[PDB]
Amino acid sequence: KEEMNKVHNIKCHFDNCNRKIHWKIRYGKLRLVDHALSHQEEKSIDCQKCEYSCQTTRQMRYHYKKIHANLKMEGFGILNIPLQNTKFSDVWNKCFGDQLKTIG
DNA sequence: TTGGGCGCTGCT
DNA sequence: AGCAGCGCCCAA
Ligand SMILES: [Zn+2]
Ligand SMILES: [Zn+2]
């Protein structure tokens, strides 16, 4: 539980990003996945109610709040997102590849 | 207006 | 462990 709550700065190595995500194991990987998806041109997150699509689950959460105000957004975990493919594996590697021992 | 992401955590 | 969500400060 201690090692659960330790801050690990995860550095994004995408060209001229170099942002540091102040991550914790407790948070899970969603904010890291979303950050990598933001560096990719594809809009692989699809709304469950309308035609909208976007890059990140954070974008989709904003979409639901504004367009689907009375509806819960559901099914947008890393296990629901199409991640097991080469395009995403490549972008994840570019951003965080040297830090996968810490991420898992 | 959009929304990154900090910090949160109910739940499995 | 860590998923899969959320409130909200502030310019990512
Ligand atoms: Zn980055
Ligand atoms: Zn929609």
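- Structure determination for the deposited model, as stated in its record, used X-ray crystallography, and the stated resolution is 1.80 Å.

### Description of the side chain of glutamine 55
Then, number 1: On the secondary structure map, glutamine 55 appears in the loop between β4 (53–54) and α2 (57–67).
Then, number 2: The exposure class of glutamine 55 is buried, given its relative accessible area of 18%.
Then, number 3: From its side chain, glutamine 55 meets the backbone oxygen of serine 38 in a polar contact 3.3 Å long.
Then, number 4: Here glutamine 55 is in contact with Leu37, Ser38, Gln40, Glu42, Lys43 and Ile45, once residues within four sequence places are set aside.

### Here's the deal with the coordination of the zinc ion (ligand 2)
Then, number 1: At the metal site, the zinc ion (ligand 2) is ligated by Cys47 (SG), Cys50 (SG), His63 (NE2) and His68 (NE2), and these contacts range over 2.0 to 2.3 Å.
Then, number 2: Geometry at the zinc ion (ligand 2) is tetrahedral, judged from the 4 donor atoms that bind it and their angles of 101 to 123 degrees at the metal.
Then, number 3: The exposure class of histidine 68 is buried, given its relative accessible area of 10%.

### Some details on the coordination of the zinc ion (ligand 1)
Then, number 1: Bound to the zinc ion (ligand 1) are the protein donor atoms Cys12 (SG), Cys17 (SG), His35 (NE2) and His39 (NE2), situated 2.1 to 2.3 Å from the metal.
Then, number 2: Coordination at the zinc ion (ligand 1) is tetrahedral, judged from the 4 donor atoms that bind it and the angles of 104 to 117 degrees they form at the metal.
Then, number 3: Mapping the donors of the zinc ion (ligand 1) onto the primary sequence yields the spacing C-x4-C-x17-H-x3-H. In this pair, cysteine 12 sits in the loop between β1 (8–11) and β2 (20–23) while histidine 35 sits in helix α1 (residues 30–37), placing the two residues 23 residues apart along the sequence. Exposure class is identical for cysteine 12 and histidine 35. Each is buried.

### Description of the UniProt feature "domain: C2H2-type" (unreviewed entry) in chain A
Then, number 1: Feature annotation in UniProt assigns "domain: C2H2-type" (unreviewed entry) to the following positions: residues 47–68.
Then, number 2: Between the end C-alpha atoms of residues 47–68 there is a gap of 10 Å, over a span that is 50% helix and 9% strand.

Reading guide: rules and limits
Residues numbered from 1 in each chain as written, not as in the entry; some residues may be left out. Chains lettered and ligands numbered in written order. Heavy atoms only, no water. Residues with missing side-chain atoms left out of burial classes, pairs and counts. Helix = DSSP H or I, 4+ residues; strand = E, 2+ residues; numbered from the N terminus. Buried < 20%, exposed > 50% of the residue type's maximum accessible area, 1.4 Å probe, protein only. Polar contact = N/O pair within 3.5 Å; in protein donor to acceptor, adjacent residues only side chain to side chain. Contact = heavy atoms within 4.5 Å. Donors = N, O, S within 2.8 Å, 3.2 Å for Na, K, Ca; no water. Tetrahedral: all angles 85-135°; square planar, octahedral: opposite > 155°, others 65-115°. UniProt positions renumbered as here; feature names shortened; annotations may be inferred.

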